[PDB]
Amino acid sequence: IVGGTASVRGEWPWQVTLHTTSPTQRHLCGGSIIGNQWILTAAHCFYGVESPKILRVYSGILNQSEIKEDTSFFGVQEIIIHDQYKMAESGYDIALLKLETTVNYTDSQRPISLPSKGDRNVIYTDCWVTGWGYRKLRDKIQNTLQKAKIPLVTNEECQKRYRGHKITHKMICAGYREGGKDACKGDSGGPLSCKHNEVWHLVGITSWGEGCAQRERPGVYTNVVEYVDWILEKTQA
Ligand SMILES: COC(=O)Nc1ccc(-c2cnn([C@H](CC3CC3)c3ccc(-c4cc(Cl)ccc4-n4cnnn4)c[n+]3[O-])c2)cc1
């Protein structure tokens, strides 16, 4: 997260850190708890991943340095990538992780609601991106979960900024005209969370952008409301 600030413990309890363990253990991407056995993340995250055997899901983490050899994690039973995914910039950048066991919800690990049926025309004005990613284009994974409030931009404006890409209704963009706050490397798969009527909704999944927090170059997110039918089909199969 560029231009963000440190989170406190328990502030974003749906946020998980997905680790790979090959060839060494490290944060791979963010993700969001959406059900007791289900993490929603980005399909791009699994580009180098030989199987779910090497993945670990850590919940209730504020600092990456909390994770030691005895820290509990969830194994991953299945990675479900959207069958039309090819690369992040061409859309369908969405994946479900089915966990090997059920999360018991606590103060530190809670689900976030999907965008609600009937809310297709809500104007979200309180949206936040969170993650352990870089604070600038050449940086390092951050120890403490970072947060930044970021305004949504219309798909019409977003397309005008990304003349070489096809911005579709299955994407949503967010960014300041003058830059300065954005997701960056290591934030992908994490949530774009928006609060509406005091309820948090998983509006976006961090996906791609041209650089990090550049002027007139918004971040591009998977538009989760357009995948609710796909999520429900996979999670009640
Ligand atoms: C200690 O372990 C470590 O070093 N871990 C570690 C280090 C680096 C990485 C890393 C690098 N790339 N990515 C991803 C995609 C890869 C499949 C993971 C990525 C790409 C683009 C964006 C992004 C998103 C938005 Cl919305 C806006 C702008 C951008 N960006 C444009 N240009 N950069 N970002 C964010 N992410 O995350 C993650 C992962 C783990």
Side-chain angles (χ1 to χ4, degrees), residues 1-4 15-32 39-50 54-58 61 63-67 79 81-82 85-95 97 127-153 155 158 161-162 164-165 167 170-176 179-194 202-224:
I1 308 294
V2 184
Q15 172 91 58
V16 299
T17 171
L18 173 64
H19 280 209
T20 179
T21 60
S22 194
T24 199
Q25 182 173 345
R26 62 173 180 88
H27 164 92
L28 173 58
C29 64
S32 301
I39 307 296
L40 197 65
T41 186
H44 191 190
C45 293
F46 305 94
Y47 168 71
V49 173
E50 52 260 41
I54 71 167
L55 296 181
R56 301 181 168 188
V57 173
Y58 292 95
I61 298 305
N63 295 330
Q64 289 287 326
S65 54
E66 305 166 19
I67 299 167
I79 308 163
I81 289 162
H82 197 290
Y85 174 73
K86 309 270 208 133
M87 63 176 193
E89 292 81 356
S90 52
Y92 307 102
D93 190 11
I94 191 170
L97 303 180
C127 297
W128 290 77
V129 65
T130 49
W132 290 271
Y134 290 15
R135 297 137 325 171
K136 71 167 217 283
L137 196 42
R138 310 170 155 150
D139 197 19
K140 40 182 316 213
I141 294 307
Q142 294 304 112
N143 193 33
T144 305
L145 184 59
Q146 303 286 298
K147 61 181 183 170
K149 184 175 179 182
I150 186 44
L152 308 183
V153 318
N155 274 40
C158 194
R161 297 324 179 180
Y162 285 117
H165 296 97
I167 305 301
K170 300 179 105 59
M171 305 174 168
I172 185 167
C173 307
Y176 295 90
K181 287 177 190 268
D182 193 21
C184 201
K185 309 182 172 153
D187 291 321
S188 61
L192 177 64
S193 317
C194 303
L202 181 59
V203 167
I205 303 166
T206 303
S207 189
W208 63 275
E210 173 182 317
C212 294
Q214 297 177 342
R215 186 161 74 71
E216 305 172 343
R217 292 295 183 267
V220 189
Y221 300 76
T222 300
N223 194 6
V224 171

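Just follow the structure's listing: the first ligand is 1, and inside any ligand the first atom is 1. In what follows, residues are counted from 1 in the order of the sequence shown. Side-chain atoms are counted along with the backbone in the values below, which use heavy atoms only and exclude waters and symmetry mates.
The shortest contact between atom 17 (C) of ligand 1 and any protein heavy atom is with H44 O, 3.5 Å. The protein non-hydrogen atom at the shortest distance from atom 8 (C) of ligand 1 is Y134 OH, 4.1 Å. Of all protein heavy atoms, the one closest to atom 18 (C) of ligand 1 is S188 OG, 3.8 Å. Protein heavy atom at the shortest distance from atom 3 (C) of ligand 1 is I141 CG1, 3.4 Å. Here the protein heavy atom with the shortest distance to atom 11 (C) of ligand 1 is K185 CB, 3.6 Å. Counting only heavy atoms of the protein, atom 29 (C) of ligand 1 lies nearest to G209 N, 3.8 Å.
In this structure the side chain of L18 reaches within 4.5 angstrom of the side chain of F46, judged on heavy atoms. Side-chain contact between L145 and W132 is present, with heavy atoms from C-beta onward closer than 4.5 Å. Using a 4.5 Å cut-off on side-chain heavy atoms (C-beta onward), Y162 and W208 make contact. Between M171 and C158, the closest side-chain pair of non-hydrogen atoms is not below 4.5 Å. Within the 4.5 Å cutoff, side-chain heavy atoms of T20 are placed close to those of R26.
Residue contacts with ligand 1: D182 is placed with no nitrogen or oxygen under 3.5 Å of a nitrogen or oxygen of the ligand (distance criterion only). Below 3.5 Å of separation, one finds an N or O of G186 facing an N or O of ligand 1.
For ligand 1, the atoms sitting less than 4.0 Å from at least one non-hydrogen atom of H27 are 2 (O), 3 (C), 5 (N), 6 (C), 40 (C), numbered in the order shown with element in parentheses. Heavy-atom contacts of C184 reach the following atoms of ligand 1: 34 (N), 35 (C), 36 (N), 37 (O) (cutoff under 4.0 Å). Counting atoms of ligand 1 from 1 in the listed order, those under 4.0 Å from a heavy atom of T206 are 24 (C), 26 (Cl). The ligand atoms of ligand 1 that sit less than 4.0 angstrom from a heavy atom of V220 are 26 (Cl). Counting atoms of ligand 1 from 1 in the listed order, those under 4.0 Å from a heavy atom of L28 are 39 (C), 40 (C). Residue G211 approaches ligand 1 through these ligand atoms, each under 4.0 Å from one of its heavy atoms: 28 (C), 29 (C), 30 (N), 31 (C), 32 (N).
Side-chain atoms of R135 and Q146 form no donor-acceptor pair, as typed in the model, at a separation below 3.5 Å. For the 3.5 Å distance criterion, the side chains of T17 and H19 qualify, holding a donor opposite an acceptor. Side-chain contact of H165 with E89: a donor-acceptor pair under 3.5 Å is absent, judged by distance alone.
Within the set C212, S207, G204, the minimum heavy-atom distance to atom 22 (C) of ligand 1 is found for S207. Residue nearest to atom 2 (O) of ligand 1, selected from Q214, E89, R26: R26 (by heavy-atom distance).
Separating the CG atom in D187 from the CD1 atom in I1 is a distance of 3.5 Å, to the nearest 0.5 Å.
Of the possible polar contacts, none joining the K181 side chain to the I150 backbone as a donor-acceptor pair under 3.5 Å is found.
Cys pair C29 and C45 fails the test of SG atoms under 2.5 Å apart.
A heavy-atom separation below 4.0 Å is not found between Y47 and ligand 1.
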